[PDB]
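In what follows, a structure is listed as structure tokens, so that the remarks can point back to it.
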Amino acid sequence: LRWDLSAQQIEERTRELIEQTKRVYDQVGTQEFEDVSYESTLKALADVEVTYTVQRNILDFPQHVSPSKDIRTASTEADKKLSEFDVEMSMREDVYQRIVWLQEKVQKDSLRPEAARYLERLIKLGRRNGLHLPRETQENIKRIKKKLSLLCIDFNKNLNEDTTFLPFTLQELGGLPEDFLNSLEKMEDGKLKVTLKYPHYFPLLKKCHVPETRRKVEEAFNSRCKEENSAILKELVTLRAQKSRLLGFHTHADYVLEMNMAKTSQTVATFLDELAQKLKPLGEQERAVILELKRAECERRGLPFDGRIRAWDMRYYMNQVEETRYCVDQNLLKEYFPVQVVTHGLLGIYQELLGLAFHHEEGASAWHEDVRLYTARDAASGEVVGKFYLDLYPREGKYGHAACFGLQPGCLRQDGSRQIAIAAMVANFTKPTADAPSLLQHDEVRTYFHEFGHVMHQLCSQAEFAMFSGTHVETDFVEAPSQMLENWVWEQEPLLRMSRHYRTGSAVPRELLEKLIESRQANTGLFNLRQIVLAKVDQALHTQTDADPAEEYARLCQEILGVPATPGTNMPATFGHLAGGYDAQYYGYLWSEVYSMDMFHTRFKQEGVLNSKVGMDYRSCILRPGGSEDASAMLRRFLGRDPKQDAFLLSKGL
Ligand SMILES: [Zn+2]
């Protein structure tokens, strides 16, 4: 791939790519019925997607890793132009007509399965865009989409641009680290300025032992843009509902869910309700523990005790539970996880699990000197499967979160030969230095294992059509394979393969490993019940008509979480996911995680966590199809039955 492109070349290549690609769509869009064929219509569009995707990825990737701001800025602009172009092509009624004609002309069952799936998806995407509907319906949909887009931009911008802050004395900030306190904007008043941004909010609620301070900050944070965003949310709900009906669905949720593994809003509601019921007892147990800790602390500090867990007590006491009930010293633990050792052990586990051998391509071209390129080859034949880059250390201008970027999609070229997948994994682990090793927290090891899992999905998939390549699966299933893989960082054998004291070379003591593993369950009951409250609010707003966001959230917090929403607040008005493309899909996080445990326990825990036979079945049944098969079908084959919540519940001790 190309990595030495300047900002100017990016600009030029983008215009050229769009011109060349549009040329193909124009050709397809003007065919006469008589000339419509599999080769001239379906293959034409499938082939151009391959050439386009490759080029598009090269142009929009630099914005996330290039050390050059000019290149990054040009890449961001190219992404905007290409994204706009993608939507423009998706709405082409002329091209859609030829696809519909092809569907008519195509003899039933005469196409290869994946080709038939591709044709059906193209037809479905057009229908979800309303291209088959009457002009008046399409005009109305267009109008509503425009409004919705604007409403979403404001919802997010309002929250992001907010600069609300609360002044507190060093005494009121009791509990927060010293380095934290001096980082605040010291007012002439003498008080320190605490803003509602995450870097300030989370640490304060988890460490500040002054109840009134937590209370004030919680009220403010959960009341941000209350009036404006609640008005916007009411409009989003109504407009989404109308748009969904015009597109043929009874609710927005049902429209959104059609493409998910869950399929319908009823399926999601049943999923969430059953999960909440099963987790209830664990929630009761956890709140009892927290209430006692609060009673004890209030007594100890001479503070009044109201006998109730408040919204502003949650994060604080959950943190206390973790520190005094499970303990586990991350400071000591991290000494056994030097980044170099984790990388080696991690790559070792994946090699063995998938029957692969990773080969470092010394001195390969890259966007930064610290980037390393590897070629994954079949362990017995040595044939190339794919390639992947590792860009693990922080630097100015680089994406600040761990992620997997598909660069070259694994699929078939125009001539029928196979194009290998090429992906890049990004992380931001401190880079080892002279006398300052880079020790990883367990959560970083978890994130590392999770993201590399996506790299393997990208590389091991063998779809023939670019549309189904790699991680292009149902949104509520894409995370399941990686979440299944996270289980490895909670198992002793794999953990030992990824650890070693950075200095003494000693192995992690069994006592420490046991505690670490036990800590996985800390506060899991309340953590999940809260996620359920969020998922249910998301579902209610996109299935009901008169549902009031604040009231729904309050009702659910009391009934499911057991911790009341603070009067006057409106958490839903700050719930960015409702305006970030995840609308009606928040349940997806819980859905993938719950079933990922079924995948893990049913196959890997019974046949051998590091057994290659199971690993090869995982590669074959789950990764190889890419989006060429429905997640439900892949799971049924891998599990031998449909998935259940059982494994998840058992892992919680239920
Ligand atoms: Zn992920």
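Cβ: placed from backbone, ideal geometry, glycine included. Neighbour counts: every protein chain shown. Numbers and lists here come from the model and the stated rules, or from a named source; these are not laboratory values.
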Query - Residue that is farthest from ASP476 (Cα to Cα) [pool: residues in the range 591-621 that are in contact with a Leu (Cβ under 8 Å, 6 or more places away or on another chain) and of a type in the set (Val, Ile, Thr)] - result: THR602
Query raised in the report: surrounded by fewer than 16 Cβ atoms within 10 Å (Cβ to Cβ), touching a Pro at 6+ places or on another chain (Cβ under 9 Å), in contact (Cβ under 8 Å) with a residue 12 or more places away in the chain and not aromatic (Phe, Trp, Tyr): does that describe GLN340?
Result: yes
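I need a count of the residues in the range 178-200 that are loosely packed, with under 11 Cβ neighbours inside 10 Å and assigned to a loop (DSSP other than H, G, I, E, B). Steps first, answer last, please.
So in the range 178-200, the residues loosely packed, with under 11 Cβ neighbours inside 10 Å come out as 178-179, 182, 188-190, 198-199.
So of that shortlist, the ones also assigned to a loop (DSSP other than H, G, I, E, B) come out as 182, 188-190.
Matching residues across the range 178-200 total 4.
Tell me, yes or no, whether the range 86-106 has at least one residue that is part of a helix (DSSP H, G or I) and closer than 30 Å to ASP391 by Cα.
Filtering the range 86-106 for residues part of a helix (DSSP H, G or I) gives 86-90, 93-105.
Filter once more, keeping what is closer than 30 Å to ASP391 by Cα: 86.
Among the residues of the range 86-106, at least one is part of a helix (DSSP H, G or I) and closer than 30 Å to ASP391 by Cα, which makes the answer yes.
Counting just the residues of the range 130-149 that are outside any loop (DSSP other than H, G, I, E, B) and in contact (Cβ under 8 Å) with a residue 12 or more places away in the chain, which one comes out farthest from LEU239 (Cα to Cα)?
Here is the first cut: in the range 130-149, the residues outside any loop (DSSP other than H, G, I, E, B) are 135-149.
Then keep just the ones that are in contact (Cβ under 8 Å) with a residue 12 or more places away in the chain; that gives 137, 140-141, 144-145, 147-148.
Working: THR137: 14, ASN140: 11, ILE141: 10, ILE144: 6, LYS145: 8, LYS147: 8, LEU148: 7 Å.
Among those residues, the one meeting the criterion is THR137.
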Requested in this report: Kindly indicate whether any position in the range 622-633 is surrounded by 23 or more Cβ atoms within 10 Å (Cβ to Cβ), under 18 Å from the mean Cα position of the chain (by Cα) and farther than 24 Å from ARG121 by Cβ.
Outcome: no
**Report entry** Selection from the range 411-467 of residues that are within 16 Å of the ligand (Cβ to nearest atom), farther than 13 Å from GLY626 by Cβ and in a loop (DSSP other than H, G, I, E, B)
**Finding:** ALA427, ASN428
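Tell me, yes or no, whether the range 588-602 has at least one residue that is more than 27 Å from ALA269 (Cβ to Cβ) and touching a residue at least 24 places away in the same chain (Cβ under 8 Å).
The first filter runs over the range 588-602 and keeps only residues more than 27 Å from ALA269 (Cβ to Cβ), leaving none.
No; the residues of the range 588-602 include none that is more than 27 Å from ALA269 (Cβ to Cβ) and touching a residue at least 24 places away in the same chain (Cβ under 8 Å).
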Query - Selection from the range 583-617 of residues that are surrounded by fewer than 17 Cβ atoms within 10 Å (Cβ to Cβ) and of a type outside the set (A, V, I, L, M) - result: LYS605, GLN606, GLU607, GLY608, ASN611, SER612, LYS613, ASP617
Requested in this report: Residues being within 16 Å of the ligand (Cβ to nearest atom) and not in a loop (DSSP other than H, G, I, E, B): count how many of those fall in the range 391-410.
Outcome: 4
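Residue-wise test of (1) without any contact (Cβ under 8 Å) to a residue 60 or more places away in the chain; (2) under 30 Å from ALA633 (Cα atoms); (3) touching a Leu at 6+ places or on another chain (Cβ under 9 Å).
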{"position": "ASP443", "(1), (2), (3)": "yes, no, no"}
{"position": "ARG446", "(1), (2), (3)": "yes, yes, no"}
{"position": "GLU464", "(1), (2), (3)": "no, yes, yes"}
{"position": "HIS472", "(1), (2), (3)": "no, yes, no"}
{"position": "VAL489", "(1), (2), (3)": "yes, yes, yes"}
{"position": "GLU493", "(1), (2), (3)": "no, no, yes"}
{"position": "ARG500", "(1), (2), (3)": "no, no, no"}
{"position": "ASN523", "(1), (2), (3)": "no, no, no"}
Query raised in the report: Residues in the range 58-74: is at least one outside the structural domain of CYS404 (by CATH), part of a helix (DSSP H, G or I) and without any contact (Cβ under 8 Å) to a residue 12 or more places away in the chain?
Result: no
Query raised in the report: Considering only residues of the range 468-482 that are among the hydrophobic types (A, V, I, L, M, F, W, C) and within 16 Å of the ligand (Cβ to nearest atom), which is surrounded by the most Cβ atoms within 10 Å (Cβ to Cβ)?
Result: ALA480
Report task. Answer yes or no: is there a residue in the range 509-520 that is crowded, with 22+ Cβ neighbours inside 10 Å and either within 16 Å of the ligand (Cβ to nearest atom) or assigned to a loop (DSSP other than H, G, I, E, B) (or both). Result -> no
Query raised in the report: How about the range 436-462: which of its residues are over 14 Å from the mean Cα position of the chain (by Cα), of a type in the set (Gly, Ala, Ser) and within 19 Å of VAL473 (Cβ to Cβ)?
Result: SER461
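Among the residues of the range 568-589, how many are under 24 Å from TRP312 (Cα atoms) and either hydroxyl-bearing (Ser, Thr, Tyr) or touching an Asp or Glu at 6+ places or on another chain (Cβ under 9 Å) (or both)? It would help to see each step written out before you state the result.
The initial filter retains those residues of the range 568-589 that are under 24 Å from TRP312 (Cα atoms), namely 568-578, 586.
Filter once more, so that each one left must be either hydroxyl-bearing (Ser, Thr, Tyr) or touching an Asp or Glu at 6+ places or on another chain (Cβ under 9 Å) (or both): 568-570, 572-575, 577-578, 586.
The number of residues fulfilling the criteria is 10.
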Query raised in the report: Within the range 303-315, is even one residue within 28 Å of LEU516 (Cα to Cα) and exposed (fewer than 14 other Cβ atoms within 10 Å of the Cβ)?
Result: no
Query raised in the report: Of the conditions (1) touching a helix residue (DSSP H, G or I) at 6+ places or on another chain (Cβ under 9 Å); (2) at negative phi, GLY568 fails just one. Which one is it?
Result: (2)
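Kindly indicate which of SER438, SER482 is of a type in the set (S, T, N, Q) and within 26 Å of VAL384 (Cα to Cα).
Values: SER438 fails: within 26 Å of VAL384 (Cα to Cα).
Being of a type in the set (S, T, N, Q) and within 26 Å of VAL384 (Cα to Cα) holds for just one of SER438, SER482, which is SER482.
Mind telling me which of the residues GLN330, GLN277, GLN242 ends up being closer than 23 Å to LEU650 by Cβ and over 24 Å from the mean Cα position of the chain (by Cα)? So that I can check it myself, show each step before the final result.
Values: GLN330 fails: closer than 23 Å to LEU650 by Cβ; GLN242 fails: closer than 23 Å to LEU650 by Cβ.
Going through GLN330, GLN277, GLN242 in turn, the sole match is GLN277.
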Query raised in the report: Is the range 488-505 home to any residue that is within 16 Å of the ligand (Cβ to nearest atom) and crowded, with 21+ Cβ neighbours inside 10 Å?
Result: yes
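Quick one: is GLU292 in contact with a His (Cβ under 8 Å, 6 or more places away or on another chain) and either surrounded by fewer than 21 Cβ atoms within 10 Å (Cβ to Cβ) or not in a loop (DSSP other than H, G, I, E, B) (or both)? Lay out the reasoning, then the answer.
Details: in contact with a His (Cβ under 8 Å, 6 or more places away or on another chain): no; either surrounded by fewer than 21 Cβ atoms within 10 Å (Cβ to Cβ) or not in a loop (DSSP other than H, G, I, E, B) (or both): yes.
Judged against the criteria, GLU292 is not a match.
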**Report entry** Count - residues of the range 381-398 that are touching a strand residue (DSSP E or B) at 6+ places or on another chain (Cβ under 9 Å) and surrounded by fewer than 16 Cβ atoms within 10 Å (Cβ to Cβ)
**Finding:** 3
Requested in this report: May I ask you to list the residues in the range 247-278 that are of a type in the set (S, T, N, Q), in a loop (DSSP other than H, G, I, E, B) and under 23 Å from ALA633 (Cα atoms)?
Outcome: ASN260, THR264
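Is it true that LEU346 is in a helix (DSSP H, G or I) and not assigned by CATH to the domain that holds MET456? Before you say what the answer is, go through the steps one by one.
Details: in a helix (DSSP H, G or I): yes; not assigned by CATH to the domain that holds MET456: no.
No.
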Query - Of the criteria (1) closer than 24 Å to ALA115 by Cβ; (2) within 16 Å of the ligand (Cβ to nearest atom); (3) over 19 Å from the mean Cα position of the chain (by Cα), which one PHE388 fails - result: (1)
**Report entry** Residue in the range 16-25 that is touching a residue at least 12 places away in the same chain (Cβ under 8 Å), in a loop (DSSP other than H, G, I, E, B), within 17 Å of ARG2 (Cβ to Cβ) and not aromatic (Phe, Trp, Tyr) present
**Finding:** no
